[PDB]
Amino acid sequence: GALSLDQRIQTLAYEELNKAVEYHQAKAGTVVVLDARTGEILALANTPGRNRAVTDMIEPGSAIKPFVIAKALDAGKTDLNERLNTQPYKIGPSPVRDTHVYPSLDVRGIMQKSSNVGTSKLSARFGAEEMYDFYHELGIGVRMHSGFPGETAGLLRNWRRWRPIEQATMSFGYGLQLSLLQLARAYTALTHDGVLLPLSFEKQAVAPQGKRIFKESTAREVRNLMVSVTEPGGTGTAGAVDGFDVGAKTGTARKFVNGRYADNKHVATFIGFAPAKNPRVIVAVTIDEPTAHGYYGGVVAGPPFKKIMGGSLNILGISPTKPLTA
């Protein structure tokens, strides 16, 4: 069977990843590029050393939020008109707080601004066991059986052990662990009209058997919300691509070092798809411990996402949906 890898995309992803890691004087980085319609793995790139894309568990951080928001919409726990109070709070020593105090936000705003408070409130409308099953259905804790040695399953703690604060902090991506490949896979539920794809290392003549996570209508509405992330007002404007609308999500995760979360060491993540309305490509970028030129997901991982996505669309012959201006 024809290998799914596209050499030009692989080269592009590798070169842009290593350029970004150098520019930000980071420890390491990883990129996954997927066919958004059939789940072909087009590129898997790493900084020198092991195949971190498949071997390394990371916390998804705010890259989990699109799924929580989609689930809440899908189940009718919220809608596109609700305006949620998003003031911060604590339970005991644990804060539930955003980068800024947003007094209130609608679901679009929660996505756009990356509101931990907003996402936690939507998650809290579901029971713990329901959320556990949901995360497991996204593939968290479920090995890909890629064939690569040292491949990780990720980690999903048994729901019977969860404190109520833990369900909340999981909704903005603490505690959950998965590889970047497992995380990129999850995004196929949003691009492939609600249906999670298994991913493939060979070209597929038709979409393989998947599993429905969301209604098609939910997936379509969520993709539209995610375009807010790359437009003025969003966290991820650095990932906007000339000629296209891009649905994306940023993540900035405190690193866990010496038994505690560090306040000044982070992992920067940017995951997105285009064309947003009718997606063809998913690009996932993570940069571990940037020490120069910033640390926010949008600022650090946005620019390489932009280059890799723009280049991939061109390589694949996908036409711009709006006039070019660059």
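Position 1 is the first residue in the sequence shown; the rest follow in order.
K.L.:
Given the B-factors recorded for C-alpha atoms, which segment has the greater mean, 36-44 or 49-57?
P.N.:
Looking at the recorded C-alpha B-factors, 49-57 comes out higher on average.
K.L.:
Going by the average Cα B-factor in the PDB entry, point out whether 256-264 or 66-74 comes out higher.
P.N.:
Going by the record's values, the stretch with the higher mean is 256-264.
K.L.:
Checking the record values for 119, 191, 182, 87, which has the greatest CA B factor?
P.N.:
Reading the PDB entry, the winner on C-alpha B-factor is 87.
K.L.:
Of the options 163, 249, 223, 113, which has the highest CA B factor as deposited?
P.N.:
That would be 163, according to the entry.
K.L.:
For residue 217, return the chain-relative third of its C-alpha B-factor as stated in the PDB record: lowest, middle or highest.
P.N.:
Middle third - that is where residue 217 ends up once the chain's C-alpha B-factors are sorted.
K.L.:
Going by the recorded CA B-factors, say which third of the chain residue 9 sits in, lowest, middle or highest.
P.N.:
Its C-alpha B-factor belongs to the middle third of this chain's values.
K.L.:
Sorting by Cα B-factor within the chain, modelled residues only, which third would residue 207 end up in: lowest, middle or highest?
P.N.:
For residue 207, the deposited C-alpha B-factor lands in the highest third.
K.L.:
Lowest, middle or highest third: which one holds residue 141 when the chain's residues are ordered by CA B-factor from the entry?
P.N.:
Highest third - that is where residue 141 ends up once the chain's C-alpha B-factors are sorted.
K.L.:
Once the chain's modelled residues are ordered by C-alpha B factor and cut into thirds, is residue 99 in the lowest, middle or highest one?
P.N.:
According to the entry, residue 99 has a C-alpha B-factor in the chain's middle third.
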